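Asker: This structure is in structure tokens; I'll ask about it shortly.
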Amino acid sequence: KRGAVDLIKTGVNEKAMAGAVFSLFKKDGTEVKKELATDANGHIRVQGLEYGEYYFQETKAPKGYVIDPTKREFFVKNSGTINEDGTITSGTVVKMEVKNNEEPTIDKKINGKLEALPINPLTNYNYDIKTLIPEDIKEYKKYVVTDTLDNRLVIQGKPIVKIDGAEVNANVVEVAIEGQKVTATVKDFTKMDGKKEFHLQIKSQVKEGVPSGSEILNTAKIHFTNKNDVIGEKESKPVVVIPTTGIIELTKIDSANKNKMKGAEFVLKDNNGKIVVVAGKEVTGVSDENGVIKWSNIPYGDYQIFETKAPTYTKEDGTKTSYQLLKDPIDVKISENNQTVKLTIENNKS
């Protein structure tokens with residue numbers, strides 16, 4: 001006398017789940033069958049089973065779903081048959097419904113959709129970290145998203161967490177922050193049942209003084225433990241911000257003499273007429289012995305150079321005279337395809 005069983009495997013949104021692999025065991029642990037893969041409709045059908053207690057156990061999870069170690073018991077108590085497509089059933093066929101849950105995933109982007117971003121120092125940009133919220137999140141034990149920002153970066157204010165686009169109280173999700181480490185930990189798992197997207201947004205700035213063109217990478221990580229004590233740890237793909245700055249080289253010479261000049265003072269202003277400040281200091285220069293003023297770490301890109309003090313010289317009557325002051329601004333442009341602007345400035349006695 002022999003019975004049968006029908007395993008009905010489903011996934012997200014009650015979808016029929018194919019490719020889920022199971023083994024069938026007797027209660028005493030002996031393997032009856034292995035490599036039983038759910039068909040296109042999420043079914044595994046087995047007949048010809050001697051009466052008694054059995055249990056299925058998953059050996060391979062469907063792609064994208066969490067592995068499930070649970071031993072699922074059933075009794076074969078009556079006779080039953082079932083053909084391969086289940087269109088014909090006789091007697092009693094034990095029915096087993098097995099649900100699968102997706103495993104959380106992690107995605108990091110810059111300003112929503114970017115994987116790379118050329119940006120000026122001390123200029124705001126966002127890290128957008130989105131993780132999948134599974135259908136059994138309600139039953140999860142741990143769900144944490146972390147991100148340690150490269151130390152060449154400054155966290156701006158307090159990172160914000162959105163669930164399905166809605167900002168959540170510190171009750172449901174707590175945003176912690178210590179040093180460069182940002183950590184958002186789910187605290188109320190019930191307030192997230194039915195939700196699908198965990199979105200952590202960290203606002204950042206690239207510090208001043210990092211070499212231009214240097215790639216500052218970022219990644220975020222998700223840590224979780226589900227109801228079955230399955231522990232996950234995934235890391236996002238790296239995203240990159242690149243500091244954009246340039247160099248301004250001024251060489252101060254004489255009109256006809258063409259000689260290098262020391263002592264000529266200049267200043268760099270933006271097109272709003274305000275002096276440019278870099279490391280807390282205004283961008284000022286005094287011409288060296290070779291008549292050079294080199295300014296580095298200048299963000300993009302439109303500025304105006306002004307002479308604030310002309311060089312001196314001594315005529316034959318020993319006179320202590322200053323060259324003429326240049327009263328017109330010198331427009332400069334800094335931007336890739338023009339990252340180092342070298343300008344020669346001629347200086348007239350009258």
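Residue names in the structure tokens use chain letters A, B, ... in the order shown, residue numbers from 1 in each chain, and ligand numbers from 1 in the order shown.
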What parts of segment 1-212 of chain A does DSSP call strand (DSSP E or B)? I'd like the answer as an MDAnalysis selection string.
Answerer: chainID A and resid 2:10 16 21:26 31:37 43:50 52:60 65 72:76 80:82 89:91 93:99 102 106:110 114 116:119 125:132 142:148 153:155 160:163 166:167 173:178 181:186 197:206
Asker: Excluding same-chain residues fewer than 5 positions from residue 138 of chain A, what lies within 6 Å of it counting only C-alpha atoms, as a VMD selection string?
Answerer: chain A and resid 189 to 190 193
Asker: Near residue 90 of chain A, within 8 Å and counting only C-alpha atoms, which residues show up once chain neighbours fewer than 5 positions away are dropped, as a list in words?
Answerer: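 My reading of the contact set: residues 80, 81 and 82 of chain A.
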Asker: Keeping N, CA, C and O atoms for every residue in the selection just given, could you write it to a file as a PDB file, in the first residue's frame?
Answerer:
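Output contents, as saved in again_30.pdb:
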```
ATOM      1  N   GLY A  80      -2.617   6.650  -2.265  1.00  0.00           N
ATOM      2  CA  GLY A  80      -2.834   7.731  -3.203  1.00  0.00           C
ATOM      3  C   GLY A  80      -1.880   7.656  -4.373  1.00  0.00           C
ATOM      4  O   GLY A  80      -0.758   7.163  -4.248  1.00  0.00           O
ATOM      5  N   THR A  81      -2.338   8.138  -5.521  1.00  0.00           N
ATOM      6  CA  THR A  81      -1.504   8.221  -6.707  1.00  0.00           C
ATOM      7  C   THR A  81      -1.593   9.637  -7.267  1.00  0.00           C
ATOM      8  O   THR A  81      -2.563  10.352  -7.006  1.00  0.00           O
ATOM      9  N   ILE A  82      -0.574  10.045  -8.016  1.00  0.00           N
ATOM     10  CA  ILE A  82      -0.602  11.329  -8.708  1.00  0.00           C
ATOM     11  C   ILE A  82       0.356  11.319  -9.896  1.00  0.00           C
ATOM     12  O   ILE A  82       1.553  11.081  -9.732  1.00  0.00           O
TER      13      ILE A  82
END
```
Asker: Quick one: of A:269, A:196, A:15, A:237, who's nearest to residue 99 of chain A, counting only C-alpha atoms?
Answerer: A:15
Asker: I'd like to know which of A:98, A:21, A:72, A:183 is closest to residue 9 of chain A, using only C-alpha atoms.
Answerer: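 Counting only C-alpha atoms, the residue closest to residue 9 of chain A is A:98.
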Asker: Using only C-alpha atoms, what table do you get, as a Markdown table, when you list each residue of segment 225-254 of chain A with an atom no more than 12 Å from segment 147-152 of chain A, its nearest pair of atoms, and their distance in Å rounded to one decimal, rows by chain then rising number?
Answerer:
```
| residue | atom | partner | partner_atom | distance |
| --- | --- | --- | --- | --- |
| A:234 | CA | A:147 | CA | 11.9 |
| A:235 | CA | A:147 | CA | 9.7 |
| A:236 | CA | A:147 | CA | 10.0 |
| A:238 | CA | A:147 | CA | 11.5 |
| A:239 | CA | A:149 | CA | 11.2 |
| A:240 | CA | A:150 | CA | 10.6 |
| A:241 | CA | A:150 | CA | 10.6 |
| A:242 | CA | A:152 | CA | 11.0 |
| A:243 | CA | A:152 | CA | 10.3 |
```
Asker: Can you list every residue of segment 55-147 of chain A that has an atom at most 12 Å from segment 290-309 of chain A, with its nearest atom pair and the distance in Å to one decimal, using only C-alpha atoms, ordered by chain then number, as JSON lines?
Answerer:
```
{"residue": "A:118", "atom": "CA", "partner": "A:300", "partner_atom": "CA", "distance": 10.4}
{"residue": "A:119", "atom": "CA", "partner": "A:299", "partner_atom": "CA", "distance": 8.9}
{"residue": "A:120", "atom": "CA", "partner": "A:299", "partner_atom": "CA", "distance": 5.7}
{"residue": "A:121", "atom": "CA", "partner": "A:299", "partner_atom": "CA", "distance": 7.1}
{"residue": "A:122", "atom": "CA", "partner": "A:299", "partner_atom": "CA", "distance": 9.8}
{"residue": "A:123", "atom": "CA", "partner": "A:299", "partner_atom": "CA", "distance": 10.2}
```
Asker: Let me see the file: selected residues, N, CA, C and O atoms, as a PDB file, in the first residue's frame.
Answerer:
```
ATOM      1  N   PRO A 118      32.613  63.455 -10.675  1.00  0.00           N
ATOM      2  CA  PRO A 118      33.568  64.555 -10.511  1.00  0.00           C
ATOM      3  C   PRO A 118      32.911  65.696  -9.746  1.00  0.00           C
ATOM      4  O   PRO A 118      31.880  66.206 -10.187  1.00  0.00           O
ATOM      5  N   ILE A 119      33.499  66.092  -8.620  1.00  0.00           N
ATOM      6  CA  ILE A 119      32.898  67.111  -7.762  1.00  0.00           C
ATOM      7  C   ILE A 119      33.947  67.997  -7.077  1.00  0.00           C
ATOM      8  O   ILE A 119      35.029  67.530  -6.721  1.00  0.00           O
ATOM      9  N   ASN A 120      33.620  69.276  -6.905  1.00  0.00           N
ATOM     10  CA  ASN A 120      34.489  70.200  -6.182  1.00  0.00           C
ATOM     11  C   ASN A 120      34.526  69.880  -4.697  1.00  0.00           C
ATOM     12  O   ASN A 120      33.539  69.407  -4.140  1.00  0.00           O
ATOM     13  N   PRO A 121      35.669  70.145  -4.046  1.00  0.00           N
ATOM     14  CA  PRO A 121      35.760  69.944  -2.596  1.00  0.00           C
ATOM     15  C   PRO A 121      34.670  70.725  -1.865  1.00  0.00           C
ATOM     16  O   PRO A 121      34.167  71.711  -2.403  1.00  0.00           O
ATOM     17  N   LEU A 122      34.304  70.283  -0.666  1.00  0.00           N
ATOM     18  CA  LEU A 122      33.331  71.004   0.149  1.00  0.00           C
ATOM     19  C   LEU A 122      32.027  71.284  -0.604  1.00  0.00           C
ATOM     20  O   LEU A 122      31.416  72.341  -0.435  1.00  0.00           O
ATOM     21  N   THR A 123      31.606  70.329  -1.428  1.00  0.00           N
ATOM     22  CA  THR A 123      30.375  70.466  -2.200  1.00  0.00           C
ATOM     23  C   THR A 123      29.484  69.246  -1.970  1.00  0.00           C
ATOM     24  O   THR A 123      29.927  68.108  -2.121  1.00  0.00           O
TER      25      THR A 123
END
```
Asker: If you count only C-alpha atoms, which residues fall within 10 Å of residue 146 of chain A, apart from same-chain ones fewer than 5 positions away, as a list in words?
Answerer: residues 129, 175, 176, 177, 181, 182, 183, 184, 185, 200, 219, 220, 221, 222, 223 and 235 of chain A
Asker: Go ahead and save the residues from that selection, with C-alpha atoms, as a short mmCIF file (atom, residue, chain, number, x, y, z; two decimals), in the first residue's frame.
Answerer:
```cif
data_model
loop_
_atom_site.label_atom_id
_atom_site.label_comp_id
_atom_site.auth_asym_id
_atom_site.auth_seq_id
_atom_site.Cartn_x
_atom_site.Cartn_y
_atom_site.Cartn_z
CA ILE A 129 21.83 53.01 -0.43
CA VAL A 175 20.30 55.97 12.53
CA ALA A 176 23.56 55.71 14.47
CA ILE A 177 26.75 57.57 13.60
CA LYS A 181 30.80 54.87 10.43
CA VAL A 182 27.11 55.29 9.68
CA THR A 183 24.84 52.50 10.94
CA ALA A 184 21.08 52.17 10.48
CA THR A 185 19.45 49.36 12.45
CA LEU A 200 19.60 55.08 3.62
CA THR A 219 30.65 50.76 -0.45
CA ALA A 220 27.78 49.93 1.89
CA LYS A 221 27.01 46.63 3.61
CA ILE A 222 23.86 44.88 4.79
CA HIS A 223 23.90 42.50 7.75
CA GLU A 235 28.41 44.47 0.18
#
```
